[PDB]
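Heads up, upload_20.cif below (mmCIF, C-alpha atoms and all ligand atoms):
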```cif
data_model
loop_
_atom_site.label_atom_id
_atom_site.label_comp_id
_atom_site.auth_asym_id
_atom_site.auth_seq_id
_atom_site.Cartn_x
_atom_site.Cartn_y
_atom_site.Cartn_z
CA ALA A 1 -66.46 -23.65 28.37
CA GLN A 2 -67.51 -25.36 25.14
CA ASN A 3 -65.53 -24.65 21.92
CA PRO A 4 -62.86 -22.49 23.57
CA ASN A 5 -60.75 -22.22 20.38
CA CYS A 6 -63.87 -20.75 18.57
CA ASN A 7 -63.79 -23.22 15.72
CA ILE A 8 -66.56 -23.30 13.15
CA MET A 9 -68.81 -26.23 14.01
CA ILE A 10 -70.79 -28.33 11.55
CA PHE A 11 -74.12 -29.88 12.56
CA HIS A 12 -76.05 -32.77 11.06
CA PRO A 13 -79.55 -32.64 12.67
CA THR A 14 -81.86 -35.56 12.22
CA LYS A 15 -85.33 -35.00 10.70
CA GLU A 16 -86.73 -35.00 14.22
CA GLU A 17 -84.23 -32.46 15.44
CA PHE A 18 -85.07 -30.27 12.38
CA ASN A 19 -88.60 -29.60 13.56
CA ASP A 20 -88.03 -27.00 16.23
CA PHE A 21 -85.76 -24.23 14.87
CA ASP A 22 -85.34 -22.28 18.14
CA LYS A 23 -84.57 -25.42 20.09
CA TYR A 24 -81.84 -26.45 17.62
CA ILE A 25 -80.19 -23.01 17.69
CA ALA A 26 -80.13 -23.21 21.49
CA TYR A 27 -78.64 -26.75 21.20
CA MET A 28 -75.89 -25.54 18.89
CA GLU A 29 -75.07 -22.77 21.36
CA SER A 30 -74.99 -25.34 24.22
CA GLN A 31 -72.14 -26.95 22.30
CA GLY A 32 -70.31 -23.64 21.88
CA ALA A 33 -71.12 -22.99 18.21
CA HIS A 34 -71.61 -19.27 18.67
CA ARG A 35 -68.10 -18.78 19.85
CA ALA A 36 -66.90 -19.08 16.24
CA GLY A 37 -69.37 -16.48 14.93
CA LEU A 38 -70.54 -18.91 12.21
CA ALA A 39 -71.86 -22.52 12.04
CA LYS A 40 -72.81 -24.82 9.18
CA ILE A 41 -75.98 -26.90 9.29
CA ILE A 42 -76.35 -29.80 6.87
CA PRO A 43 -80.12 -30.62 6.61
CA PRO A 44 -81.30 -34.23 7.06
CA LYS A 45 -81.31 -36.22 3.86
CA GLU A 46 -85.17 -36.38 3.90
CA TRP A 47 -85.48 -32.56 3.66
CA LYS A 48 -85.78 -30.36 0.63
CA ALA A 49 -86.29 -26.60 0.24
CA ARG A 50 -88.49 -27.03 -2.83
CA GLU A 51 -89.00 -29.63 -5.57
CA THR A 52 -86.91 -28.09 -8.36
CA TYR A 53 -85.19 -24.83 -9.38
CA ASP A 54 -86.49 -25.11 -12.97
CA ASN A 55 -88.72 -22.19 -13.09
CA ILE A 56 -86.68 -19.30 -11.51
CA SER A 57 -85.37 -17.59 -14.59
CA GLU A 58 -88.07 -14.99 -14.68
CA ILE A 59 -87.30 -13.53 -11.26
CA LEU A 60 -86.19 -9.90 -11.77
CA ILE A 61 -83.03 -8.41 -10.47
CA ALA A 62 -84.19 -4.78 -10.59
CA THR A 63 -80.87 -3.24 -9.57
CA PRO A 64 -77.82 -5.48 -10.25
CA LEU A 65 -74.73 -4.07 -8.53
CA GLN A 66 -71.28 -3.94 -10.22
CA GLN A 67 -68.74 -4.24 -7.43
CA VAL A 68 -65.86 -2.00 -8.29
CA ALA A 69 -62.72 -2.31 -6.09
CA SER A 70 -60.08 0.24 -5.01
CA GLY A 71 -56.91 -0.39 -3.01
CA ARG A 72 -54.51 -3.33 -2.99
CA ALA A 73 -55.21 -7.01 -3.50
CA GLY A 74 -55.54 -7.85 0.17
CA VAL A 75 -56.92 -4.52 1.48
CA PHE A 76 -59.57 -2.86 -0.64
CA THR A 77 -62.96 -1.24 -0.64
CA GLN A 78 -65.76 -1.86 -3.10
CA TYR A 79 -68.44 0.42 -4.33
CA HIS A 80 -71.63 -0.69 -5.89
CA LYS A 81 -72.44 0.78 -9.31
CA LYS A 82 -76.08 0.29 -10.22
CA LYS A 83 -76.79 -1.49 -13.55
CA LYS A 84 -79.88 -1.90 -15.63
CA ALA A 85 -82.44 -4.53 -14.60
CA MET A 86 -82.12 -8.06 -15.78
CA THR A 87 -83.84 -11.40 -15.17
CA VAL A 88 -82.24 -14.30 -13.34
CA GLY A 89 -81.99 -16.06 -16.73
CA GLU A 90 -80.14 -13.10 -18.19
CA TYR A 91 -77.89 -12.83 -15.11
CA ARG A 92 -77.07 -16.58 -15.22
CA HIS A 93 -76.00 -16.24 -18.87
CA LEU A 94 -73.85 -13.26 -17.95
CA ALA A 95 -72.24 -15.12 -15.00
CA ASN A 96 -71.39 -18.01 -17.39
CA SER A 97 -69.89 -15.73 -20.09
CA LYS A 98 -66.19 -15.71 -20.79
CA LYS A 99 -65.81 -12.30 -19.16
CA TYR A 100 -67.32 -13.40 -15.82
CA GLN A 101 -67.10 -17.18 -15.53
CA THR A 102 -65.07 -19.03 -12.91
CA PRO A 103 -61.57 -19.83 -14.22
CA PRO A 104 -60.15 -23.26 -14.41
CA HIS A 105 -58.88 -24.34 -11.05
CA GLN A 106 -57.74 -27.42 -9.11
CA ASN A 107 -59.83 -27.24 -5.97
CA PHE A 108 -61.43 -24.69 -3.57
CA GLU A 109 -57.97 -23.70 -2.19
CA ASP A 110 -56.63 -22.87 -5.60
CA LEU A 111 -59.77 -20.85 -6.34
CA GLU A 112 -59.40 -19.00 -3.03
CA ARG A 113 -55.79 -18.11 -3.98
CA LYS A 114 -56.97 -16.83 -7.35
CA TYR A 115 -59.73 -14.78 -5.70
CA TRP A 116 -57.36 -12.98 -3.37
CA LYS A 117 -54.74 -12.46 -6.05
CA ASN A 118 -57.04 -11.17 -8.74
CA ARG A 119 -60.39 -9.91 -7.31
CA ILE A 120 -59.51 -6.26 -7.52
CA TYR A 121 -58.87 -6.41 -11.24
CA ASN A 122 -62.40 -7.34 -12.08
CA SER A 123 -65.85 -5.89 -11.36
CA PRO A 124 -68.36 -8.78 -10.96
CA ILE A 125 -72.12 -8.06 -10.88
CA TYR A 126 -74.09 -9.13 -7.75
CA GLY A 127 -77.95 -9.48 -7.60
CA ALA A 128 -78.14 -8.79 -3.94
CA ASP A 129 -80.73 -7.91 -1.43
CA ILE A 130 -83.86 -8.93 -3.48
CA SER A 131 -86.93 -9.30 -1.22
CA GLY A 132 -88.39 -12.74 -1.74
CA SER A 133 -88.17 -16.50 -1.06
CA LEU A 134 -87.48 -19.71 -2.88
CA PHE A 135 -88.78 -22.04 -0.09
CA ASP A 136 -91.89 -23.95 -1.07
CA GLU A 137 -94.76 -22.95 1.18
CA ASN A 138 -95.16 -26.60 2.05
CA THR A 139 -91.67 -26.89 3.45
CA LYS A 140 -92.31 -26.70 7.16
CA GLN A 141 -88.79 -27.12 8.59
CA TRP A 142 -86.20 -24.32 8.35
CA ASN A 143 -88.26 -22.36 5.90
CA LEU A 144 -86.65 -18.93 6.07
CA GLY A 145 -89.94 -17.22 5.10
CA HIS A 146 -91.73 -18.82 8.18
CA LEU A 147 -89.46 -17.99 11.05
CA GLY A 148 -90.57 -16.20 14.20
CA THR A 149 -90.07 -12.46 13.62
CA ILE A 150 -87.54 -10.33 15.42
CA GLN A 151 -90.41 -7.98 16.47
CA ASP A 152 -92.18 -10.86 18.12
CA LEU A 153 -88.95 -11.92 19.90
CA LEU A 154 -88.42 -8.41 21.22
CA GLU A 155 -92.00 -8.36 22.37
CA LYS A 156 -91.74 -11.73 24.06
CA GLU A 157 -88.47 -10.80 25.86
CA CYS A 158 -89.12 -7.18 26.72
CA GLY A 159 -92.92 -6.84 26.68
CA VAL A 160 -93.02 -3.95 24.22
CA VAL A 161 -95.00 -4.25 20.99
CA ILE A 162 -93.33 -2.59 18.00
CA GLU A 163 -94.02 -1.95 14.31
CA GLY A 164 -91.97 -3.65 11.60
CA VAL A 165 -91.69 -6.76 9.62
CA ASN A 166 -88.90 -9.29 8.95
CA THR A 167 -88.73 -10.89 5.46
CA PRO A 168 -86.07 -12.87 3.56
CA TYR A 169 -83.78 -11.73 0.83
CA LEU A 170 -82.39 -13.47 -2.28
CA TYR A 171 -78.81 -13.14 -3.49
CA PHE A 172 -77.83 -14.11 -7.03
CA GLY A 173 -73.98 -14.34 -7.26
CA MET A 174 -71.27 -14.95 -9.79
CA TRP A 175 -67.51 -15.58 -9.60
CA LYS A 176 -65.77 -12.97 -7.43
CA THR A 177 -68.96 -11.39 -6.10
CA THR A 178 -68.06 -10.28 -2.62
CA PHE A 179 -69.59 -9.59 0.75
CA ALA A 180 -67.57 -7.13 2.75
CA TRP A 181 -66.64 -7.46 6.44
CA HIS A 182 -69.69 -6.79 8.61
CA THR A 183 -71.89 -7.84 11.46
CA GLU A 184 -75.64 -7.83 11.03
CA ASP A 185 -77.88 -4.86 11.64
CA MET A 186 -78.23 -4.43 15.39
CA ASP A 187 -75.76 -7.39 15.73
CA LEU A 188 -78.59 -9.83 14.92
CA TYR A 189 -78.14 -13.43 13.85
CA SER A 190 -78.37 -14.32 10.22
CA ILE A 191 -79.26 -17.55 8.51
CA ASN A 192 -78.27 -18.22 4.90
CA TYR A 193 -79.36 -21.11 2.70
CA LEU A 194 -77.49 -21.78 -0.55
CA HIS A 195 -80.31 -22.89 -2.83
CA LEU A 196 -78.35 -23.73 -5.92
CA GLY A 197 -75.20 -23.35 -7.91
CA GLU A 198 -71.58 -22.84 -6.97
CA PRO A 199 -70.15 -22.48 -3.49
CA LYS A 200 -69.73 -19.50 -1.18
CA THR A 201 -66.56 -19.16 0.90
CA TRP A 202 -66.92 -17.44 4.31
CA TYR A 203 -64.46 -15.83 6.66
CA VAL A 204 -65.47 -15.08 10.26
CA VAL A 205 -64.03 -13.47 13.41
CA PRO A 206 -65.17 -14.87 16.78
CA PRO A 207 -67.54 -12.43 18.55
CA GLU A 208 -65.27 -12.23 21.53
CA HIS A 209 -62.55 -10.83 19.24
CA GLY A 210 -64.55 -8.51 17.07
CA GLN A 211 -62.96 -5.39 18.46
CA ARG A 212 -59.53 -6.66 17.20
CA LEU A 213 -60.90 -6.67 13.71
CA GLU A 214 -62.35 -3.18 14.18
CA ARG A 215 -59.02 -1.81 15.39
CA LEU A 216 -57.23 -3.25 12.40
CA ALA A 217 -59.88 -1.88 10.08
CA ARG A 218 -59.43 1.62 11.52
CA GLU A 219 -55.69 1.31 10.79
CA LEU A 220 -56.19 -0.01 7.23
CA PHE A 221 -58.98 2.31 6.21
CA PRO A 222 -57.93 5.53 7.92
CA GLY A 223 -60.08 7.98 5.81
CA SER A 224 -63.17 5.81 6.32
CA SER A 225 -62.52 5.60 10.06
CA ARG A 226 -62.35 9.38 10.40
CA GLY A 227 -65.58 9.67 8.45
CA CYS A 228 -67.54 7.36 10.75
CA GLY A 229 -67.00 5.66 14.09
CA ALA A 230 -68.81 2.54 12.75
CA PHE A 231 -67.76 2.49 9.17
CA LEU A 232 -67.83 -1.28 8.85
CA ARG A 233 -71.66 -0.76 8.89
CA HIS A 234 -71.13 0.61 5.35
CA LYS A 235 -70.30 -2.88 4.22
CA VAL A 236 -67.51 -1.88 1.81
CA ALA A 237 -64.20 -3.01 3.32
CA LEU A 238 -62.28 -6.17 2.50
CA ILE A 239 -59.22 -7.60 4.25
CA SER A 240 -57.66 -10.87 3.08
CA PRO A 241 -56.83 -13.87 5.23
CA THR A 242 -53.15 -13.28 4.63
CA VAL A 243 -53.45 -9.73 5.99
CA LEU A 244 -55.51 -10.90 8.94
CA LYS A 245 -52.80 -13.54 9.78
CA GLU A 246 -50.05 -10.90 9.45
CA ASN A 247 -51.84 -8.76 11.98
CA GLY A 248 -52.71 -11.55 14.40
CA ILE A 249 -56.47 -11.32 14.01
CA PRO A 250 -58.22 -14.51 15.03
CA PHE A 251 -60.49 -15.88 12.25
CA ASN A 252 -61.77 -19.02 10.58
CA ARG A 253 -62.89 -19.95 7.09
CA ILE A 254 -65.29 -22.45 5.58
CA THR A 255 -66.92 -23.10 2.20
CA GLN A 256 -70.74 -23.51 2.00
CA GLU A 257 -72.13 -25.69 -0.79
CA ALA A 258 -75.57 -25.87 -2.30
CA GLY A 259 -78.07 -27.41 0.07
CA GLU A 260 -76.35 -26.19 3.21
CA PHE A 261 -77.30 -23.55 5.81
CA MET A 262 -74.98 -21.16 7.53
CA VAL A 263 -75.83 -19.29 10.72
CA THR A 264 -74.00 -16.16 11.78
CA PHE A 265 -74.13 -15.28 15.48
CA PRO A 266 -74.48 -11.87 17.14
CA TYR A 267 -71.41 -9.73 16.62
CA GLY A 268 -69.68 -12.35 14.41
CA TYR A 269 -67.93 -10.35 11.70
CA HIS A 270 -68.03 -12.14 8.38
CA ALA A 271 -66.95 -11.63 4.75
CA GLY A 272 -66.69 -13.84 1.72
CA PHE A 273 -67.10 -14.52 -1.97
CA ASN A 274 -68.97 -16.64 -4.48
CA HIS A 275 -67.29 -19.24 -6.64
CA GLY A 276 -69.62 -18.95 -9.62
CA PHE A 277 -73.31 -18.54 -10.46
CA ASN A 278 -75.41 -19.23 -7.38
CA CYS A 279 -78.50 -18.26 -5.46
CA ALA A 280 -78.73 -17.82 -1.69
CA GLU A 281 -81.55 -16.79 0.61
CA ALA A 282 -80.93 -15.13 3.95
CA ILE A 283 -82.79 -13.45 6.79
CA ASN A 284 -82.00 -11.98 10.17
CA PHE A 285 -83.38 -13.50 13.36
CA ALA A 286 -83.14 -13.09 17.11
CA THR A 287 -83.11 -15.24 20.24
CA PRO A 288 -83.17 -14.27 23.92
CA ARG A 289 -79.38 -14.21 23.95
CA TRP A 290 -79.33 -11.54 21.20
CA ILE A 291 -81.02 -8.90 23.33
CA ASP A 292 -77.90 -7.79 25.11
CA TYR A 293 -75.97 -7.64 21.85
CA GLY A 294 -78.68 -5.49 20.37
CA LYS A 295 -78.40 -3.06 23.30
CA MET A 296 -74.61 -2.67 22.72
CA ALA A 297 -74.50 -2.67 18.91
CA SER A 298 -72.62 0.13 17.27
CA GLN A 299 -74.30 2.37 15.03
CA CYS A 300 -73.50 4.38 11.87
CA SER A 301 -74.95 7.92 12.18
CA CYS A 302 -72.93 9.48 9.26
CA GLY A 303 -75.62 8.76 6.72
CA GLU A 304 -73.90 6.07 4.75
CA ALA A 305 -75.33 2.85 6.21
CA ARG A 306 -79.09 3.62 5.52
CA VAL A 307 -81.15 0.58 6.51
CA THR A 308 -84.64 -0.85 6.71
CA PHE A 309 -87.77 0.51 8.19
CA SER A 310 -87.73 -2.09 10.93
CA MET A 311 -84.42 -0.95 12.47
CA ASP A 312 -86.03 2.16 13.82
CA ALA A 313 -87.88 0.40 16.58
CA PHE A 314 -84.87 -1.68 17.57
CA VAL A 315 -82.78 1.49 18.11
CA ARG A 316 -85.66 3.30 19.73
CA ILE A 317 -86.35 0.63 22.33
CA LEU A 318 -82.92 -0.90 22.92
CA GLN A 319 -80.77 2.21 22.44
CA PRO A 320 -82.89 5.28 23.35
CA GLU A 321 -79.82 7.43 24.13
CA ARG A 322 -78.48 6.85 20.57
CA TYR A 323 -81.86 7.16 18.86
CA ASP A 324 -81.89 10.92 18.06
CA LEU A 325 -78.40 10.90 16.52
CA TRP A 326 -78.96 7.69 14.62
CA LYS A 327 -82.28 8.95 13.20
CA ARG A 328 -80.62 12.20 11.98
CA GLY A 329 -78.28 9.86 10.04
CA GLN A 330 -81.29 8.08 8.54
CA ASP A 331 -82.84 11.50 7.49
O1 LIG B 1 -74.48 -14.08 0.89
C1 LIG B 1 -74.09 -12.90 0.96
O2 LIG B 1 -73.77 -12.14 -0.02
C2 LIG B 1 -74.03 -12.14 2.24
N1 LIG B 1 -74.78 -12.86 3.30
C3 LIG B 1 -74.63 -12.55 4.55
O3 LIG B 1 -73.88 -11.62 5.00
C4 LIG B 1 -75.44 -13.27 5.57
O4 LIG B 1 -76.12 -14.24 5.22
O5 LIG B 1 -75.34 -12.80 6.73
MG MG B 2 -89.28 -17.32 -12.78
NI NI B 3 -74.23 -11.05 6.91
ZN ZN B 4 -71.27 5.74 8.76
#
```
Take the structure in this file and express it as structure tokens.
Amino acid sequence: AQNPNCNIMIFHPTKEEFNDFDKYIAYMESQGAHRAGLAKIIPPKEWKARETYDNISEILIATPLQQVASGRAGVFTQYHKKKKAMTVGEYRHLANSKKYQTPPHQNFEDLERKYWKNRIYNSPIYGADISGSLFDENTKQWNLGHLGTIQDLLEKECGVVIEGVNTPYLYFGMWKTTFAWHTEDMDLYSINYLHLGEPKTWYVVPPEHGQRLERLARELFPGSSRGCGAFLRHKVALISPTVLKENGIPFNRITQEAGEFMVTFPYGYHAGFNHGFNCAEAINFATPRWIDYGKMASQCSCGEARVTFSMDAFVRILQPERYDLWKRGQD
């Protein structure tokens, strides 16, 4: 078995190997990459996402989210308070202000220590989940707006044509902005490209051990667990690496820098934080190996998780027994 310790693997495809996205994902899996739940892909030196980032300041963040924490430093939830709209230029200036800017630090480890010590005492503003793309239309390799759609994959694997679309999303971050522990909708893959700015640190639990994280989360968030049998779908709970180590949960960590892709694999729980002002683009995707994960994915039916239009068909076709309850949650 390849990668039996479930380490995060880093890949350096050549420009030739960067042509066929599906083939390269299958290659990475042949080497055991999925066992970690997360992989890094460093593009060939010849590749670029677009020519410059000079003209992005007029993108609108219609609903910036202030991420307010409750709990203790290593075990907390966050809620998202909606803020007035602002442009990317306005948000960048805010991120760089004394109130929100990255503190002085020695290296990524020192910054990680400061994050876990102090996150809860601040409420950073995240421009998350903005439909759109920063890939130039002429970028033909690993252009996250030109991937094969998940509806087409389901159709190719299962023979059933379904409604829905699959488009990318932009994330504008600042110091301390946080993504809570989660797997993707329907335990899909994700791919994330850091277009510009400061790094993003990731934490990930191997898919084969995801249920250990869920059991700890039920213990640490006992009200939330009673509320919903899949409350990590709410994407609000944070657990630090120190707490994970104290409870014997297997995990790994890695820091993504500008110009790098990350891939999350089906049922790979992940969480993390931004180091400073940045912009990422991410999208879900599927492969043949996803199908069985999609069939077994948990679902939130309490009403909190509320998701996209396109999830309906995935539940309806892959999980018909759960469909009625799940849809009641959506309505
Ligand atoms: O970048 C973020 O805030 C969160 N991204 C992801 O969870 C992802 O790409 O799967
Ligand atoms: Mg602009
Ligand atoms: Ni994710
Ligand atoms: Zn729920």
Quick one: pull the distance between CA of residue 281 in chain A and CA of residue 170 in chain A, Å, one decimal.
-> 4.5 Å
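What separates CA of residue 177 in chain A from CA of residue 104 in chain A is a distance of 17.0 Å.
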How would you report the residues lying within 10 Å of ligand MG 2 (chain B), as an mmCIF file with C-alpha atoms, in the frame of the given file, if you count only C-alpha atoms and all ligand atoms?
```cif
data_model
loop_
_atom_site.group_PDB
_atom_site.id
_atom_site.type_symbol
_atom_site.label_atom_id
_atom_site.label_comp_id
_atom_site.auth_asym_id
_atom_site.auth_seq_id
_atom_site.Cartn_x
_atom_site.Cartn_y
_atom_site.Cartn_z
ATOM 1 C CA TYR A 53 -85.190 -24.830 -9.380
ATOM 2 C CA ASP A 54 -86.490 -25.110 -12.970
ATOM 3 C CA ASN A 55 -88.720 -22.190 -13.090
ATOM 4 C CA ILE A 56 -86.680 -19.300 -11.510
ATOM 5 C CA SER A 57 -85.370 -17.590 -14.590
ATOM 6 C CA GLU A 58 -88.070 -14.990 -14.680
ATOM 7 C CA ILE A 59 -87.300 -13.530 -11.260
ATOM 8 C CA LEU A 60 -86.190 -9.900 -11.770
ATOM 9 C CA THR A 87 -83.840 -11.400 -15.170
ATOM 10 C CA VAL A 88 -82.240 -14.300 -13.340
ATOM 11 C CA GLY A 89 -81.990 -16.060 -16.730
#
```
Neighbourhood of ligand LIG 1 (chain B) at 9 Å, counting only C-alpha atoms and all ligand atoms, reported as a VMD selection string | chain A and resid 126 128 to 129 170 to 173 177 to 184 189 to 194 200 202 262 to 264 270 to 274 279 to 284
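Once all atoms listed in the file are used for the distance check, the residues close to ligand ZN 4 (chain B) at 12 Å turn out to be residues 223, 224, 225, 226, 227, 228, 229, 230, 231, 232, 233, 234, 235, 236, 298, 299, 300, 301, 302, 303, 304, 305, 306, 307, 325, 326, 328, 329 and 330 of chain A.
CA of residue 188 in chain A is positioned 21.8 Å from CA of residue 255 in chain A.
Closest approach to ligand NI 3 (chain B) among A:65, A:38, A:318, A:134: A:38, based on only C-alpha atoms and all ligand atoms.
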Name the residues in contact with residue 30 in chain A at a cut-off of 10 Å, using only C-alpha atoms, excluding same-chain residues fewer than 5 positions from it; report them as a VMD selection string.
-> chain A and resid 1 to 3 24 to 25
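Remark: for residue 278 in chain A, the closest of the candidate residues A:85, A:196, A:237, A:8 is A:196 (distances computed over all atoms listed in the file).
Counting all atoms listed in the file, residue 207 in chain A has the following residues at most 6 Å away, ignoring those fewer than 4 positions along the same chain: residues 37, 267 and 268 of chain A.
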In file coordinates, which residues lie within 12 Å of (-70.6, -12.4, -14.5) using all atoms listed in the file, given as number ranges by chain?
-> A: 64-67, 88, 90-103, 122-127, 172-177, 274-278
Hey, can you spit out that residue selection with C-alpha atoms as a PDB file, in the frame of the given file?
```pdb
ATOM      1  CA  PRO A  64     -77.820  -5.480 -10.250  1.00  0.00           C
ATOM      2  CA  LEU A  65     -74.730  -4.070  -8.530  1.00  0.00           C
ATOM      3  CA  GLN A  66     -71.280  -3.940 -10.220  1.00  0.00           C
ATOM      4  CA  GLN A  67     -68.740  -4.240  -7.430  1.00  0.00           C
ATOM      5  CA  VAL A  88     -82.240 -14.300 -13.340  1.00  0.00           C
ATOM      6  CA  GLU A  90     -80.140 -13.100 -18.190  1.00  0.00           C
ATOM      7  CA  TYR A  91     -77.890 -12.830 -15.110  1.00  0.00           C
ATOM      8  CA  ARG A  92     -77.070 -16.580 -15.220  1.00  0.00           C
ATOM      9  CA  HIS A  93     -76.000 -16.240 -18.870  1.00  0.00           C
ATOM     10  CA  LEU A  94     -73.850 -13.260 -17.950  1.00  0.00           C
ATOM     11  CA  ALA A  95     -72.240 -15.120 -15.000  1.00  0.00           C
ATOM     12  CA  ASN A  96     -71.390 -18.010 -17.390  1.00  0.00           C
ATOM     13  CA  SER A  97     -69.890 -15.730 -20.090  1.00  0.00           C
ATOM     14  CA  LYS A  98     -66.190 -15.710 -20.790  1.00  0.00           C
ATOM     15  CA  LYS A  99     -65.810 -12.300 -19.160  1.00  0.00           C
ATOM     16  CA  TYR A 100     -67.320 -13.400 -15.820  1.00  0.00           C
ATOM     17  CA  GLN A 101     -67.100 -17.180 -15.530  1.00  0.00           C
ATOM     18  CA  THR A 102     -65.070 -19.030 -12.910  1.00  0.00           C
ATOM     19  CA  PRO A 103     -61.570 -19.830 -14.220  1.00  0.00           C
ATOM     20  CA  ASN A 122     -62.400  -7.340 -12.080  1.00  0.00           C
ATOM     21  CA  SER A 123     -65.850  -5.890 -11.360  1.00  0.00           C
ATOM     22  CA  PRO A 124     -68.360  -8.780 -10.960  1.00  0.00           C
ATOM     23  CA  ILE A 125     -72.120  -8.060 -10.880  1.00  0.00           C
ATOM     24  CA  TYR A 126     -74.090  -9.130  -7.750  1.00  0.00           C
ATOM     25  CA  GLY A 127     -77.950  -9.480  -7.600  1.00  0.00           C
ATOM     26  CA  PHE A 172     -77.830 -14.110  -7.030  1.00  0.00           C
ATOM     27  CA  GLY A 173     -73.980 -14.340  -7.260  1.00  0.00           C
ATOM     28  CA  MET A 174     -71.270 -14.950  -9.790  1.00  0.00           C
ATOM     29  CA  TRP A 175     -67.510 -15.580  -9.600  1.00  0.00           C
ATOM     30  CA  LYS A 176     -65.770 -12.970  -7.430  1.00  0.00           C
ATOM     31  CA  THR A 177     -68.960 -11.390  -6.100  1.00  0.00           C
ATOM     32  CA  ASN A 274     -68.970 -16.640  -4.480  1.00  0.00           C
ATOM     33  CA  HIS A 275     -67.290 -19.240  -6.640  1.00  0.00           C
ATOM     34  CA  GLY A 276     -69.620 -18.950  -9.620  1.00  0.00           C
ATOM     35  CA  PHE A 277     -73.310 -18.540 -10.460  1.00  0.00           C
ATOM     36  CA  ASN A 278     -75.410 -19.230  -7.380  1.00  0.00           C
TER      37      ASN A 278
END
```
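Closest approach to residue 113 in chain A among A:244, A:6, A:73, A:61: A:73, based on only C-alpha atoms.
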